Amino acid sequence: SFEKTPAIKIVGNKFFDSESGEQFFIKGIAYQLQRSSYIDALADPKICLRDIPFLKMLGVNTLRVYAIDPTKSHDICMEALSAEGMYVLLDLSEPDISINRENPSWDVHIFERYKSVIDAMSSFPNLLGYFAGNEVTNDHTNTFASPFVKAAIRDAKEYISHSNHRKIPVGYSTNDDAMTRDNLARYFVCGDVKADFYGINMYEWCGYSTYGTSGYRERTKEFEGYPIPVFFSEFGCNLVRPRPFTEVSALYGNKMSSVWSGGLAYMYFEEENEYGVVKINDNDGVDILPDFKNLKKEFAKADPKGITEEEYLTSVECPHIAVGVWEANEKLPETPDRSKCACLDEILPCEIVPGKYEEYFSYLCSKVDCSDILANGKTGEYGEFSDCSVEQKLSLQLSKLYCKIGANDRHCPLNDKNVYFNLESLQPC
């Protein structure tokens, strides 16, 4: 039963409860355990059922989860959250399978990860939304990563659209770099592809600050009339401790509640970073920390004045390119084609099984033309096989070199144990 969590839907720039028609405001906390690769607390009933009672005491209605294991079951924890009126915002990526801001790609490997998460989690009515990226572009030196994230948003939305699932919204979580924030916000709603919602990881309010002095007033004026729901995907500057969380009073007050859809505190678990509200002891029990009571008290006082769906019902230009400032082309990479790329596994004479990549690409791309695997988010030029996996891309170039030599003797021209001649290439997509 998910009776206590009706699906949330988006209308204009606001969230609404699909049954009652009341505006939904996020009162959230980040919930993600790390090791001393990722840990999936929502796949382990003994963990999630320990913490839900404490999450209930805090008075949250939403969790942000950064990584799940899509091969494991999540119905016990998701149903337990639903029984306390709690929703989940979920990142599709994980640390080892993400759009790399230093060398961005949108490819079959990352897209399959996103699809796997979507197929694991879309059956739950309390899945609020998916993030297609988190702080990919984070300063003026890597703005060319953003077209790859926009392609990911497009393709995740289309995959969801063509599935039998509820049309769960797909958005983006960004940082708060002064030089890039306005351009990033405009970019993710420009042209033909738009984020469904926009989260900012917001740490401007430290200690006993105010609406005016924190920067919250200027941020609120910047985002007034923004066409999609906007919220703080993280908050909780820890400069002054114990964190009073007085930003919460501002966030759900009358000035900010007309613009923002709430926010999520960072975070539940203490992990030697002074950001937790509880610490898990050596006996796996929950020790409440000094921040807990302040967040609890602040969420309890928060009473956002929203508007109902009925009374509410009653193309934007992409930022121009400027060298060293904004370098994200409007033109996006194509949808990764799993079948086309899988055909390379069948037909290529020379293959490589998954430091080595940099050396091998450097070597092979001085002997053959690697344009067909290059992807340039600045110029909007995306090679024909730039959507394939890194090993497929490498295999293509090795095979091109093999055919260029033309010895035709099954000896692939690269000395490495991972290289092998593909016997399927001989069998006459």
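Don't overthink the numbering: it's just position in the shown sequence, from 1. Just so we're on the same page, rigid core means the largest C-alpha set that superposes within 1.5 Å between forms.
Root mean square Cα distance to the shown form, taken over structures and residues in 7 other deposited structures of this protein after a core fit, is higher for 402-410 when 6-14 and 402-410 are compared.
Notably, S36 is an intermittent gap: at least a third of the other compared entries of this protein, restricted to those modelling both its neighbours, have no coordinates for it. Unmodelled residues of the deposited sequence between neighbouring positions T314 and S315 number 4 to 9. Gap check for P354 to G355: 4 to 9 deposited residues are absent from the model. Comparing 92-100 with 274-282, the stretch with the higher mean C-alpha B-factor in the PDB entry is 274-282.
For the segment pair 397-405 and 369-377, the entry gives 397-405 the higher mean B-factor, averaged over Cα atoms.
Residues shown: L81, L184, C343, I228. Highest C-alpha temperature factor in the entry: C343.
Looking only at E135, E158, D196, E358, the residue with the top Cα B factor in the deposited structure is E358. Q32 sits in the middle third of its chain by CA B factor, as recorded in the PDB entry. The deposited CA B-factor of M256 belongs to the highest third of values across its chain.
When the modelled residues of the chain are ordered by their C-alpha B factor, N61 lands in the middle third.
Among the modelled residues of its chain, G171 has a C-alpha B-factor that falls in the lowest third according to the deposited record. Remark: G263 belongs to the lowest third of its chain, ranked by C-alpha B-factor as recorded.
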